[PDB]
């Protein structure tokens, strides 16, 4: 029952230490919760164990990065093998080639790739590649979508409630002291609203190096880009020489060939991370050989220099190769089957109870919603204070009933999970829903 909140808990003592040497005891904003979060001690398979000994089924998995759960034996074997050879070198290795070979074989848009140390870095380097390829300074992204901590990609991460006078989204700062020149350089588009998107892209078509889009953004309720919208976005970006960048840092796990394969639209660049590293720090930017040529150093200095001390380090390469090789087509099918079972079970729980709600998701990703507004209008994804309080009561009850999910009730399956784990989630959700309503 959430024993970590108790005075004198292990988590409380750890937080007391942490706040002396980390700001507010924190080094990752995402994992803070008030007054202090629980601390992880270890994990095994689908189970996370906190510093106070409480065990929970992990439906977060480091925000979808650990598709194979905790301490996967195959990844551990591969990493242990690599440790004997060394973990980083100032020379390329074959391991970077092998993972690049896998990624380019699986994702149709990927003809060549480069590895980075984070999804944030992958997004930055795709933007910089688009600037180098097109010569143009500005980028466009969609209101309310998260892409990491790079200045230009994080503009309007949190939508302002209201459009400007033109009726279009407002470029709003996500970090303090954001330069006006940064805000002014970013065109903020409305997700799944093709008319406004087309009008804004047309207005800025000569200044836009790229459009950056997450195909199934978690921050907008995990409702995917609709097919007509995404096909018209592809057509207009191609028409105006604008690089289309897909942010699949989360969504790549939707399918053997990524969400771009699911939706049938081929971007010019793709940013990736999380699962492709086997649990170790990683990102990747890839796409057409034509656009990726900005990085090519063989014909003189590259148009876009891309250094990095731990780029393509063999630990990350070996772990990611192992993680991806374990993701066979049949494994994707199993994940999608279990995800469908979870989402349908949660919908039946909502129906049987008196609670209006809906569940979005695809493959092994899901998002529970305690309202029935159409998420095809992205402004409907914003929650009121009462709705936030209700979701929070459900989340805390779940935490106390052995289920670890994000505060928004966005979650993911891990390959160690089966029907028992899904049933455990659905039963715990029924009980937590009852708790939250009193």
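Residue numbers count along the first chain shown, from 1.
Taking the mean C-alpha B-factor of each stretch as recorded, 6-14 and 424-432 are not equal, and the higher mean is that of 6-14.
Per-stretch averaging of Cα B factors for 296-304 and 318-326 places 296-304 on top. Comparing the C-alpha B-factors of 370, 403, 67, 60 in the entry, the top value falls on 370.
Considering 151, 226, 121, 248 together, the PDB entry gives 226 the largest C-alpha B factor. Sort the modelled residues of the chain by CA B factor and residue 381 lands in the highest third. Ranked by C-alpha B-factor against the other modelled residues of its chain, residue 28 falls in the lowest third. Residue 109: CA B factor in the highest third of modelled residues in this chain (values from the PDB entry). Per-chain ranking of the deposited C-alpha B factor places residue 362 in the middle third. Sort the modelled residues of the chain by CA B factor and residue 115 lands in the lowest third.
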